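Let me begin by presenting the structure, written as structure tokens, before commenting on it.
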Ligand SMILES: CCCCCCCCCCCCCCCCCC(=O)O[C@@H](COC(=O)CCCCCCCCCCCCCCC)COP(=O)(O)OC[C@H](O)CO
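Right, here's the structure in full:
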């Protein structure tokens with residue numbers, strides 16, 4: 007909600023793998 | 002599928018050498034017999050086993 | 017001394033002890049270094065330093081109390097020691113710290129100072145402390161691609177890729193009401209039993225901890241950090257252990273205690289122990305021994321560590337240690353088992369009898385976050401006495417005979433055989 | 932990346948068992964190899 011410079015570990019963690027990350031914050035990151 | 006029955010057989014060392022050597026002896030004996038039989042039955046007539054009957058009247 | 021339990025949304029535990037007069041109350045979270053992806057490694061350490069950094073002045077000014085912290089694998093604990101008559105102040109400060117409000121504690125300047133301090137500390141640790149480095153590398157190589165291998169202090173590159181979003185995300189995702197207890201070690205009787213559970217005096221954000229896709233693993237990977245500048249050579253070995261709440265915990269602990277520790281530069285350590293000490297004393301091979309039996313909620317690690325000034329003698333030391341481990345599983349005299357049982361009784365007595373309230377609180381939270389109530393010392397002694405030669409022999413045969421091992425090292429490791437020579441020495445010998 | 936960030940080895944890793952599966956297979960094959968070598972030597 008109204009973020010600033012939102013470039014955290016998740017942004018570059020997303021590209022490597024997607025199924026290993028346990029599908030419970032995928033909705034959070036996409037939202 | 003490797004149950005405890007097969008797991009237990011992979012711990013003996015002092016006695017395993019003798020039985021493994023006996024198994025090798027049995028395997029070499031049966032292999033020699035099988036190879037001799039196959040060399041026998043791959044060639045009929047030429048060998049000396051049936052020339053006795055061939056010359057027999 | 018006795019243990020109490022109760023629950024309403026959260027869990028509250030207390031082990032009263034009127035002899036001591038240092039009451040310590042704090043919370044313990046069952047989510048630490050094992051609940052964080054490799055791209056977010058030092059978030060827990062940043063939390064620890066940011067609660068140890070700035071309000072440490074406020075706690076000593078407004079009141080009197082010394083606050084500590086500890087993260088080992090999953091037990092993010094924040095203990096607040098105090099005097100016997102001043103526990104409500106500690107609880108109130110803890111509430112004003114966690115539940116409301118953490119916005120003031122999360123500022124740009126404070127976070128930057130904590131960040132640079134943590135970077136300096138982790139750099140200093142990576143430079144000097146060699147045995148801890150090889151232990152962390154053993155952990156990182158035994159659990160490859162698993163949320164149990166990444167270190168507990170944060171890899172150097174992982175620190176500078178997270179500022180305020182990752183830290184608050186970890187707070188919102190792990191600081192919950194499902195994996196939190198409130199220890200009460202000290203000399204407090206029933207105030208902790210009542211004030212912890214209140215209408216609203218408990219941690220906010222009701223919810224559940226995220227599930228883990230991968231539980232654990234163990235593969236036999238080798239890691240070397242060869243560098244000839246260092247004077248000595250630190251090497252560690254390990255095998256698969258057992259998790260907490262298993263009927264092999266104390267048998268494994270006894271197996272670790274059988275060989276014990278050693279220190280060549282102490283006159284009281286060269287004349288006791290078991291055979292490998294005698295086999296080693298003849299030529300100066302090693303300096304230190306650490307037979308450790310670590311256990312975590314997912315998997316354990318029963319291993320060995322050493323450090324030698326001699327560099328050509330590494331192979332002989334490893335061979336002798338492995339040969340002794342091999343001998344452990346076939347022929348152990350009842351005298352050895354009796355001596356190990358007495359030594360382990362003494363060791364656990366020292367561990368669980370120390371007058372430090374903080375250590376007792378840590379152990380209580382650790383043993384209550386998995387089972388539900390602490391396993392008392394008398395029952396522990398009884399079940400230690402229950403062990404016999406048959407049980408330890410069975411455990412050794414199950415978990416040591418021809419099992420996958422992990423190795424680590426640093427320093428002058430030019431003379432260490434890599435992986436097949438070490439692994440072969442557990443079953444190739446005549447049995 | 933530091934030393935802790937282990938490089939990927941998935942290209943050669945196998946089913947996540949790491950148990951007597953491989954050990955029994957290898958031991959049985961080497962036992963057979965000893966059988967054949969002993970038979971030939973004899
Ligand atoms: C093309 C080149 C070679 C040509 C042919 C060579 C002919 C000469 C052969 C000489 C011996 C080599 C044959 C195979 C030897 C196996 C290895 C071995 O015995 O040595 C190990 C020696 O092993 C031992 O010391 C323990 C095993 C032996 C104890 C059990 C004995 C059982 C009965 C033995 C009967 C034979 C006695 C004579 C042996 C030479 C070394 O490994 P390790 O277990 O010590 O591991 C290394 C470690 O880090 C340091 O120790």
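Chains as they are written, first to last, in our numbering: chain D, 7 to 37; chain L, 2 to 58; chain F, 17 to 447; chain R, 932 to 973.
For every residue, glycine included, the Cβ atom is placed at its ideal position computed from N, Cα and C.
Nearest-angstrom Cα separation, counted from residue j out to residue i
{"i": "residue 335 of chain F", "j": "residue 321 of chain F", "result": "14 Å"}
{"i": "residue 248 of chain F", "j": "residue 324 of chain F", "result": "6 Å"}
{"i": "residue 264 of chain F", "j": "residue 387 of chain F", "result": "15 Å"}
{"i": "residue 411 of chain F", "j": "residue 268 of chain F", "result": "8 Å"}
{"i": "residue 13 of chain L", "j": "residue 971 of chain R", "result": "24 Å"}
{"i": "residue 351 of chain F", "j": "residue 165 of chain F", "result": "38 Å"}
{"i": "residue 319 of chain F", "j": "residue 255 of chain F", "result": "6 Å"}
{"i": "residue 102 of chain F", "j": "residue 217 of chain F", "result": "18 Å"}
{"i": "residue 11 of chain L", "j": "residue 418 of chain F", "result": "11 Å"}
{"i": "residue 934 of chain R", "j": "residue 288 of chain F", "result": "39 Å"}
{"i": "residue 275 of chain F", "j": "residue 307 of chain F", "result": "7 Å"}
{"i": "residue 113 of chain F", "j": "residue 26 of chain D", "result": "34 Å"}
{"i": "residue 17 of chain L", "j": "residue 38 of chain L", "result": "31 Å"}
{"i": "residue 204 of chain F", "j": "residue 939 of chain R", "result": "52 Å"}
{"i": "residue 955 of chain R", "j": "residue 961 of chain R", "result": "10 Å"}
{"i": "residue 235 of chain F", "j": "residue 438 of chain F", "result": "15 Å"}
{"i": "residue 328 of chain F", "j": "residue 420 of chain F", "result": "25 Å"}
{"i": "residue 370 of chain F", "j": "residue 9 of chain D", "result": "49 Å"}
{"i": "residue 85 of chain F", "j": "residue 21 of chain F", "result": "23 Å"}
{"i": "residue 137 of chain F", "j": "residue 176 of chain F", "result": "14 Å"}
{"i": "residue 385 of chain F", "j": "residue 261 of chain F", "result": "11 Å"}
{"i": "residue 182 of chain F", "j": "residue 344 of chain F", "result": "48 Å"}
Per-residue DSSP class, three states only, for residue i
{"i": "residue 21 of chain L", "result": "helix"}
{"i": "residue 447 of chain F", "result": "coil"}
{"i": "residue 7 of chain F", "result": "In the structure as shown, chain F begins at 17 and stops at 447. Residue 7 of chain F is therefore absent and cannot be evaluated."}
{"i": "residue 326 of chain F", "result": "coil"}
{"i": "residue 943 of chain R", "result": "coil"}
{"i": "residue 43 of chain L", "result": "coil"}
{"i": "residue 151 of chain F", "result": "helix"}
{"i": "residue 279 of chain F", "result": "strand"}
{"i": "residue 395 of chain F", "result": "helix"}
{"i": "residue 184 of chain F", "result": "helix"}
{"i": "residue 82 of chain F", "result": "coil"}
Span of the alpha helix (DSSP H), counted from its first residue to its last, around residue i
{"i": "residue 10 of chain D", "result": "No alpha helix (DSSP H) holds residue 10 of chain D; DSSP gives it neither H nor E."}
{"i": "residue 95 of chain F", "result": "Counting along the chain, residue 95 of chain F falls outside any alpha helix (DSSP H), though it belongs to the beta strand (DSSP E) covering 92-97."}
{"i": "residue 127 of chain F", "result": "124-143"}
{"i": "residue 24 of chain F", "result": "Here residue 24 of chain F belongs to no alpha helix (DSSP H); instead the beta strand (DSSP E) covers 18-24."}
{"i": "residue 296 of chain F", "result": "291-297"}
{"i": "residue 58 of chain L", "result": "Segment: none, residue 58 of chain L is in no alpha helix (DSSP H) and carries neither H nor E."}
{"i": "residue 9 of chain F", "result": "An answer regarding residue 9 of chain F cannot be provided, because it is not within the stretch 17 to 447 covered by chain F."}
{"i": "residue 374 of chain F", "result": "373-384"}
beta-carbon residue i near ligand 1 non-hydrogen atom, thresh 7 Å
{"i": "residue 446 of chain F", "result": "yes"}
{"i": "residue 240 of chain F", "result": "no"}
{"i": "residue 437 of chain F", "result": "yes"}
{"i": "residue 433 of chain F", "result": "yes"}
{"i": "residue 440 of chain F", "result": "yes"}
{"i": "residue 274 of chain F", "result": "no"}
{"i": "residue 331 of chain F", "result": "yes"}
{"i": "residue 334 of chain F", "result": "yes"}
First and last residue of the uninterrupted beta strand (DSSP E) at residue i
{"i": "residue 308 of chain F", "result": "Segment: none, residue 308 of chain F is in no beta strand (DSSP E) and carries neither H nor E."}
{"i": "residue 522 of chain F", "result": "Residue coverage of chain F in this structure runs from 17 to 447, which leaves residue 522 of chain F outside it and unanswerable."}
{"i": "residue 971 of chain R", "result": "Per DSSP, residue 971 of chain R belongs to no beta strand (DSSP E); it is in the alpha helix (DSSP H), 951-972."}
{"i": "residue 241 of chain F", "result": "238-242"}
{"i": "residue 252 of chain F", "result": "249-256"}
{"i": "residue 35 of chain D", "result": "Where residue 35 of chain D is concerned, there is no enclosing beta strand (DSSP E), although the alpha helix (DSSP H) it sits in stretches over 32-36."}
{"i": "residue 403 of chain F", "result": "Here residue 403 of chain F belongs to no beta strand (DSSP E), and DSSP marks it neither H nor E."}
is_contact[residue i, chain C] using C-beta, thresh 8 Å
{"i": "residue 932 of chain R", "result": "No chain C appears in this structure, whose protein chains are D, L, F and R."}
What residues in the region 10-36 of chain L have a beta carbon less than 7 Å from any beta carbon of chain R?
-> 11, 21, 22, 24, 25, 28 and 29
What residues in the region 151-182 of chain F bring their beta carbon closer than 7 Å to a beta carbon of chain D?
-> 177, 178, 181 and 182
With 8 Å as the C-beta to C-beta threshold (strictly closer), list the residues of the region 219-234 of chain F near chain D in chain order.
-> 226, 227, 228, 229 and 230
The region 940-969 of chain R: which residues have C-beta closer than 8 Å to a C-beta of chain L, in chain order?
-> 951, 952, 955, 958, 962, 965, 966, 967 and 969
Between the region 42-72 of chain F and chain D, which residues of the former have a C-beta closer than 7 Å to a C-beta of the latter?
-> 53, 55 and 56
May I ask you to list, following chain order, the residues of the region 7-20 of chain D that have a beta carbon less than 9 Å from some beta carbon of chain F?
-> 9, 11, 12, 13, 14, 15, 16, 18 and 19
Going along the chain, which residues of the region 292-320 of chain F sit with their C-beta nearer than 8 Å to a C-beta in chain L?
-> none
Taking a Cβ distance cut-off of 8 Å, strictly less, list which residues of the region 413-440 of chain F are near chain R, in chain order.
-> 418 and 420
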